[PDB]
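# What the coordinates show
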Amino acid sequence: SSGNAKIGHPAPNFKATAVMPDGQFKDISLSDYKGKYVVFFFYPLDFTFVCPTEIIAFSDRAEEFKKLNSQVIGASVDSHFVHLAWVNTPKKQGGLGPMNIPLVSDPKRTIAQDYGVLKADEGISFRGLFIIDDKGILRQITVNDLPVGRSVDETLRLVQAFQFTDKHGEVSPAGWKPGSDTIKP
Amino acid sequence: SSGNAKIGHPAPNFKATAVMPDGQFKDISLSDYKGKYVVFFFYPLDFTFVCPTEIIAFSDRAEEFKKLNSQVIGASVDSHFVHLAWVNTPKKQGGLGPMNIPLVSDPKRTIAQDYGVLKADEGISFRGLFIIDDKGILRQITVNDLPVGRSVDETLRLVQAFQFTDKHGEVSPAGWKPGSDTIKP
Amino acid sequence: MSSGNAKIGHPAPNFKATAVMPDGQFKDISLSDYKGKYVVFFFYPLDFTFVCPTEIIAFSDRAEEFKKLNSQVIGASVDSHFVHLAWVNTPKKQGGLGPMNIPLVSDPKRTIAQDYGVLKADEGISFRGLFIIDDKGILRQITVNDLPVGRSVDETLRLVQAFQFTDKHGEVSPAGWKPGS
Amino acid sequence: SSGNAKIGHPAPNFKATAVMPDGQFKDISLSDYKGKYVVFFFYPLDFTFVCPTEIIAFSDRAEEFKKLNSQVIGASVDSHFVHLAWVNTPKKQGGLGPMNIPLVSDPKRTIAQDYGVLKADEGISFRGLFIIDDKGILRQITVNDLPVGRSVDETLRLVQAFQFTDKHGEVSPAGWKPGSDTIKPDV
Amino acid sequence: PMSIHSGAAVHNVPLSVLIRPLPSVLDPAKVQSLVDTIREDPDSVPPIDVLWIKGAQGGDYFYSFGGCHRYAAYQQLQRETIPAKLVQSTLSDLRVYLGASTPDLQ
Amino acid sequence: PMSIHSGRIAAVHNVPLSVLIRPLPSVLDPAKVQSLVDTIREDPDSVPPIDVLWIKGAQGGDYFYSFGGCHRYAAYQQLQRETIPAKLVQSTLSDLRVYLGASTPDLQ
């Protein structure tokens, strides 16, 4: 499947310290977000030399996910102290800038391992993204090798598509039956 | 990782009977396609009641993958006899129509299991897609629950992106060195 | 021993599986659904092969003769129920099966083939296995042919009648009669 | 499969004392019969109260199997001494009478177990029949519960059918190829 | 010119009772094309295959997964019904199409 | 209209009955044979071509296997015709093993 994350079974729960968008530390769980779709995405490392345009895209367009009643959550193996430092380092100096999404800290590497995206040899997450429905069931697995980023558009397409199918399963009995009277000659 | 398929390690090899686009049966291996990028995608079942628009999109736009020196290969657990029957059933009657991509037959469910996309209880593949580079290394894992399809555009984006990064690793040593003469005051 | 898990004289291994019924509907059937009837349960390798499926058709055509003997014929292969349906709705003239008077069981997990000991491991398909199961769900007969040789409807009827004959002369009350010496 | 006997793999070899049709004891092996098709059939017990019409049918019609270059061999768990006694007991007295087929003795019950037809609780063979080709490969498994016998006709049908398919595999390349000259045009 | 999902009874199924839970990517050329073939020659267009599934308390549900273009055409012509062949099926068949979107049908 | 073994194959060939290998015995209903024999004399273009498997041996030898069109083959055999219309489908020695099992020969 993916280390422990199985399509159609409940997404592995984590409890972890996150840096919320207001700059506070909160202890959140995936189960805290039952009732909402969750886009849970790992990135390798804070404070690398790469323009973090991928993470920023998800933060910038967080409104479009809130409109679809879904929460975007980012994660890496870096401490919450590091996440906070990276947020409060301005982009101009190779930082991240402020965020509209919470950033989860996975220092024990247990969450990365549960979602099957731990690169063992370097002790860091691959570029993994997981879509989890309002009932906490895993619906989608995306995992990219380190050099290739994820599209916010493709992520929205998937969330809308899963939600579409979810919605046309709120159905009442038909009130109609076939028989002599309904047959086409 | 994904059952046995690990990002950055060589993609699990299969040998399987495929229905080629000319309507012949050939015994192909993933290793047959070293030197080309491979988009290897599973779909659940032949002859379901769904318009198979996803498979057709990949067949229709196979030219765009050939242009990028990559081969698209489809797979399901159905026999090669079934694949052939589905191809030779016209779309108008809920068949597939002719194909520009080979369709791999996985009746022992070993290939589905190796790529970690076997839904155990029904004995069928999830909607899994894998990108494999010219050296036979797994670069990308996509796995959707059954009701949501894959984008040909997003697949091309990933193949171009991996190929871009692959290409800017054909580099010669720099003719240049820093020192007193290169410093900006 | 025996046949993978199917033992003569013990209860036939139960399956639950999606079948294509003769009316063209999908139903979820179990072997246990047919207690009270004799069952002729037969595997064939694959749907949509290049062989005239004359063997399966013979059993479908002569299904009346089995119903007369209060027995149900059931066919099975590892192909999905979607495939069974497609094969039924493909006319014989184009190398299909045509309509059926018997249900066709779908065994995609290959668990049923394995239980009856007729799974050819290397190709992931059933041998030509046929099993006779009595009204009490007990396995009475095992027939397994290599792939190129088919089964006779007549020999199958002979076996069902013979087992039923012996079954019937075992519905006995104590004897009202005694010898004198 | 069947205890140890697998369709398409070589039939389990036995070495056992048999009563031959001439009334002698010989030590035979299944491997002795490579080059011939073998119909190897178990029956439960010698000297039961049943008219042994099934065994007699195979003996009586042994010529029809010899014509198809196949050997019928019977087997039970009874000693060779018992087989001989049963042969030399006339039918009129509930014996077997003389035989045109050899009868194999399986007193260790190893052969019955290998072919997966040992009824553990009574220590006797079910009514098992196995068809084995000229190369010693198992092609057919028939096993009946005790009260139902086997047809000589159905056995011949199977032997002829396997032999038919065997024969149309001794083939040379066609000496024909498709091309311009062989194509049927549109009409 | 029929179907390999329903090769006897064709019904006039009201578009309003068909559940179509899979999003359709429709090529409006093929839709417009069929819309004309429906007005000009109804007997050209096969009936769609709908799955008739009974809930746990016997409630009837009619699922359309196929004839994506045909359905779209009859929808454009704001028709009340579409020709369809019904195939009775199980809740376990439905799980193959919907996965974790499969509802708990009553 | 057109077979689900050879629909997307253009080429129909006139295959001599004497090069087709038919290794599976046929149970023919002589009513259906006699019926087709008439449709062949009256209207040849009624009767589809048979599907034959074209399999190459280990040394490139060609073999043409007919497992289907049991009745059609029987009809052209009765009319002592030299050839039968057939669509060729290239296949592997591993495909052939599904049909013949332990009768599968070691094709050269």
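Residues numbered from 1 in each chain as written, not as in the entry; some residues may be left out. Chains lettered and ligands numbered in written order. Part of a larger assembly, values for the part shown. Heavy atoms only, no water. Residues with missing side-chain atoms left out of burial classes, pairs and counts.

Judging from the entry metadata, X-ray crystallography is the method by which this structure was determined, and 2.97 Å is the reported resolution.

Per UniProt, chain E has the following entry under Function (literature references left out): "Contributes to oxidative stress resistance by reducing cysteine-sulfinic acid formed under exposure to oxidants in the peroxiredoxins PRDX1, PRDX2, PRDX3 and PRDX4. Does not act on PRDX5 or PRDX6. May catalyze the reduction in a multi-step process by acting both as a specific phosphotransferase and a thioltransferase." Note on chain E: under the UniProt heading Cofactor, the record states "Mg(2+)". (UniProt positions renumbered as here; feature names shortened; annotations may be inferred.)

Turning to chain C, the UniProt annotation filed under Subunit (literature references left out) states: "Homodimer; disulfide-linked, upon oxidation. 5 homodimers assemble to form a ring-like decamer. Interacts with GDPD5; forms a mixed-disulfide with GDPD5 (By similarity). Interacts with SESN1 and SESN2. Interacts with FAM107A." According to the UniProt record, the Sequence similarities comment for chain C reads "Belongs to the peroxiredoxin family. AhpC/Prx1 subfamily."

## Considering the packing of aromatic side chains
According to the stated counting rule, one finds 63 aromatic pairs over all chains in the structure shown. Their ring planes at 25 degrees and their centres at 6.0 Å tell us that A:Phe58 and A:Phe65 sit as a pair that is stacked. Judged by centre distance (5.6 Å) and plane angle (5 degrees), the ring pair of B:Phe47 and C:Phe48 falls under stacked. Here B:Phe47, found in the loop between strand 3 (37-42) and helix 1 (53-60), pairs with C:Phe48, found in the loop between strand 3 (38-43) and helix 1 (54-61), and the two come from separate chains. Comparing B:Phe47 with C:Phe48, the two get one shared label, buried. In textbook terms, an aromatic cluster arises when at least three aromatic residues are bridged by ring pairs, as seen for B:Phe41, B:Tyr43, B:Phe47, B:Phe58, B:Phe65, B:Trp86, C:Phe42, C:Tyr44, C:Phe48, C:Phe59, C:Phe66 and C:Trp87. For the cation-ring pair, E:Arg20 lies above E:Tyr71, with the distance from its terminal atom to the ring centre recorded as 5.0 Å. (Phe/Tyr/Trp six-rings, centres within 6.5 Å; stacked < 30°, edge-to-face > 60°. Helix = DSSP H or I, 4+ residues; strand = E, 2+ residues; numbered from the N terminus. Buried < 20%, exposed > 50% of the residue type's maximum accessible area, 1.4 Å probe, protein only. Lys NZ or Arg CZ within 6 Å of the ring centre and 35° of its normal.)

## Quick look at the interface of chain D and chain C
Taken together, the contacts link 27 residues of chain D with 25 residues of chain C. In this assembly, chain D and chain C are joined by 10 residue pairs in polar contact. At the level of elements, strand 9 (138-144) and helix 5 (152-167) of chain D are the ones that each hand at least two residues to the side of chain D that touches chain C. Each residue belonging to the side of chain D that touches chain C can be placed in one class, and the counts come to 11 nonpolar, 11 polar and five charged. Both strand 9 (residues 139-145) of chain C and strand 9 of chain D contribute to a ladder of five bridges, which runs antiparallel. Residue pairing for strand 9 of chain D: C:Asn145 is matched across the bridge by D:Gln140. (Contact = heavy atoms within 4.5 Å. Polar contact = N/O pair within 3.5 Å; in protein donor to acceptor, adjacent residues only side chain to side chain. Nonpolar A, V, L, I, M, F, W, Y, C, P; charged D, E, K, R; others polar. Pairing = 2+ DSSP bridges.)

## Describing the arrangement of the chains
Where 10 pairs of chains are in contact, the pair with the most contacts is made of chains C and D. A gap remains between chain A and chain C, with no contact made and the closest C-alpha atoms lying 15 Å from each other. What separates chain A from chain F at the closest point of their C-alpha atoms is a distance of 24 Å, and the two make no contact.

## Some thoughts on the nonpolar core
Grouped together as the largest cluster of nonpolar side chains are 101 residues, with contacts concentrated most on B:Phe47, C:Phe48, E:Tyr63 and F:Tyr65. Formed by 54 residues, the second largest nonpolar core is a distinct cluster that contains C:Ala6, C:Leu31, D:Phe14 and D:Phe126. (Core = buried A, V, L, I, M, F, W, Y, C linked by side-chain atoms within 4.5 Å.)

## A closer look at the state of the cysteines
Here the structure, examined in full by the defined rule, presents two disulfides over all chains. Note that B:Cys51 is cross-linked by a disulfide to E:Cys68, the S-S spacing being 2.1 Å. Measuring handedness by torsion sign, the sulfur bridge of B:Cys51 and E:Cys68 sits at about 115 degrees and is right-handed. Of this pair, B:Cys51 sits in the loop between strand 3 and helix 1 while E:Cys68 sits in helix 2 (residues 68-76), each in a different chain. (Disulfide = S-S within 2.5 Å.)

## Comments concerning the sheet that holds strand 1 (residues 12-16) of chain F
All names here are of chain F. If you trace the five strands from one edge of the open sheet to the other, you get 1-5-3-4-2, paired in mixed fashion. Of all strands in the sheet, those bounded by a partner on one side alone are strand 1 and strand 2 (20-21). Bridging between strand 2 and strand 4 (residues 62-65) involves two bridges; their strand directions are parallel. Each bridged residue has a counterpart across the sheet, and for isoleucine 21 the counterpart in strand 4 is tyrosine 65. Along the sheet, helix 2 (residues 70-78) makes contact with strand 2, strand 3 (50-56) and strand 5 (83-91), crossing strand 5 at roughly 140 degrees. Contacts from helix 3 (residues 93-100) reach strand 3, strand 4 and strand 5, with the element oriented near 125 degrees to strand 3. (Axes fitted to C-alpha atoms, helices over the stretch in contact; angles between N-to-C directions.)

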